[PDB]
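Structure, as structure tokens:
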Amino acid sequence: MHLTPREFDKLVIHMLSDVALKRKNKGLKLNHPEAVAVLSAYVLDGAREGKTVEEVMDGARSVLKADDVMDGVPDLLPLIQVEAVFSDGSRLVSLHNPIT
Amino acid sequence: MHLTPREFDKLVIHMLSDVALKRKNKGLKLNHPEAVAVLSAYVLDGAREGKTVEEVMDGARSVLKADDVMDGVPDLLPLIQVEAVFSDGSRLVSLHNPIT
Amino acid sequence: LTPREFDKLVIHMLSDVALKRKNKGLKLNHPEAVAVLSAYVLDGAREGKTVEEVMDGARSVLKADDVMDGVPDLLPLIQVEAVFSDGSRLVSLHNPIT
Ligand SMILES: [Cl-]
Ligand SMILES: [Cl-]
Ligand SMILES: [Cl-]
Ligand SMILES: [Cl-]
Ligand SMILES: [Cl-]
Ligand SMILES: [Cl-]
């Protein structure tokens, strides 16, 4: 292939998220890096799907609920930031307190 | 588990392929590097399954049609070349104009 | 990811690839078998199994019929570092494929 470091980081995220979601479908509450991976992949998928920055923000609040992660993970995650390519280019997407 | 650089590259092709096929599954037209991953993983899988070079070449032509990829992708893709191990060792597989 | 963390991701991704091949009815090769059994150790530890339950379950993950001829004797030992409840542990699988 010919992956930039940024592109590879993006794939890692997709791979960590699939691993995470498999664990979620087995009934395991997610840890902090697993949650970050799931939420980050959600931003990447959104931008890939043509979603706007705002629709990605809007939707991301509903991806993991407090009950889906281990105790303490929500206060470990006041902010996630992910760069994704939207229709006008590369943008840093901010998810504030995504998990409640 | 020690992977050689070439083996790691093969893993990266399979994982990029998997991400691209998930997108196709959702009805999204594939971009250029996505199409390259899917066709490249096809060759690797073909070789792994004991198909001949010629069988993989024949098979690869129907993997992705023009409607499966974004406008412009077919003429962005006159040639894909993928090294894979066949029953007589490493071979450089050339896919000519695979997306029509 | 730390190098060790990245190694574990690589193990999961090689195992997924090996399992898809198993589902196609292909006999696994040696490194495919290693990835499957290693990912199994990693999964059991993450699920909260003890080292002993992981060892006990591991012997039944791949049978001789699931792997190419010669693979069992190429595999007298797998060792996998995994994080259990009291920290990092080196799990040994002795003769896992019979
Ligand atoms: Cl990707
Ligand atoms: Cl992406
Ligand atoms: Cl591979
Ligand atoms: Cl391969
Ligand atoms: Cl992992
Ligand atoms: Cl793990």
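Every chain in the structure tokens takes a letter, A first, then B, and so on in the order presented; its residues are numbered from 1, and the ligands are numbered from 1 following the presented order.
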
What are the DSSP alpha helix (DSSP H) residues of chain A, as JSON, numbers by chain? {"A": [5, 6, 7, 8, 9, 10, 11, 12, 13, 14, 15, 16, 17, 18, 19, 20, 21, 22, 23, 24, 25, 32, 33, 34, 35, 36, 37, 38, 39, 40, 41, 42, 43, 44, 45, 46, 47, 48, 53, 54, 55, 56, 57, 58, 59, 60, 73, 74, 75, 76]}

Chain B contacts on chain A, only C-alpha atoms, 9 Å, as a list in words: residues 1, 2, 8, 11, 14, 15, 45, 48 and 49 of chain A

For range 42-53 of chain C, work out the shell of residues within 7 Å, counting only C-alpha atoms and skipping chain neighbours fewer than 4 positions away, then give it as a short mmCIF file (atom, residue, chain, number, x, y, z; two decimals) with N, CA and C atoms, in the first residue's frame.
data_model
loop_
_atom_site.label_atom_id
_atom_site.label_comp_id
_atom_site.auth_asym_id
_atom_site.auth_seq_id
_atom_site.Cartn_x
_atom_site.Cartn_y
_atom_site.Cartn_z
N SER C 38 -3.20 -17.59 20.68
CA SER C 38 -2.74 -16.40 21.39
C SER C 38 -3.88 -15.42 21.65
N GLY C 57 -9.18 -24.26 28.84
CA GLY C 57 -9.96 -24.04 27.63
C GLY C 57 -9.16 -24.11 26.33
N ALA C 82 -0.32 -11.97 29.04
CA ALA C 82 -1.65 -11.33 29.07
C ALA C 82 -1.88 -10.69 30.43
N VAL C 83 -2.72 -9.64 30.48
CA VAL C 83 -3.01 -8.96 31.74
C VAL C 83 -4.24 -9.57 32.45
N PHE C 84 -3.98 -10.23 33.57
CA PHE C 84 -5.03 -10.78 34.44
C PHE C 84 -5.29 -9.82 35.61
N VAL C 91 1.49 -16.86 30.16
CA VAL C 91 0.72 -18.08 30.05
C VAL C 91 1.44 -19.05 29.11
#

Select, from C:66, C:81, C:73, C:5, the residue with the minimum atom-to-atom distance to chain A, counting only C-alpha atoms.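 Closest residue, counting only C-alpha atoms: C:5.
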
Residues of chain C at most 8 Å from chain A: nearest atom pair and distance in Å, only C-alpha atoms, as a Markdown table:
| residue | atom | partner | partner_atom | distance |
| --- | --- | --- | --- | --- |
| C:9 | CA | A:16 | CA | 7.1 |
| C:12 | CA | A:19 | CA | 7.7 |
| C:13 | CA | A:15 | CA | 7.6 |
| C:47 | CA | A:28 | CA | 7.2 |

Selection near residue 97 in chain C, 7 Å with only C-alpha atoms, sequence-local residues under 2 positions removed, as an NGL selection string: :C and (59 or 62-64 or 72 or 95)

Restricting it to N, CA and C atoms, dump the selection as a compact mmCIF listing (two decimals), in the first residue's frame.
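Produced file part16.txt, reproduced below:
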# COMPACT_ATOMS: atom_id res chain seq x y z
N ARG C 59 -6.79 -25.97 25.18
CA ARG C 59 -6.46 -27.26 24.59
C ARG C 59 -7.52 -27.75 23.61
N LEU C 62 -8.17 -25.49 18.83
CA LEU C 62 -7.91 -26.11 17.54
C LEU C 62 -7.57 -27.56 17.77
N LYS C 63 -8.18 -28.41 16.95
CA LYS C 63 -7.90 -29.81 16.85
C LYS C 63 -6.93 -30.07 15.68
N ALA C 64 -6.31 -31.24 15.70
CA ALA C 64 -5.40 -31.71 14.64
C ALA C 64 -5.99 -31.52 13.23
N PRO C 72 0.76 -29.72 14.57
CA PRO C 72 0.85 -30.02 16.00
C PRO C 72 2.27 -30.17 16.55
N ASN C 95 1.59 -28.30 24.25
CA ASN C 95 0.90 -29.23 23.32
C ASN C 95 -0.60 -28.89 23.10
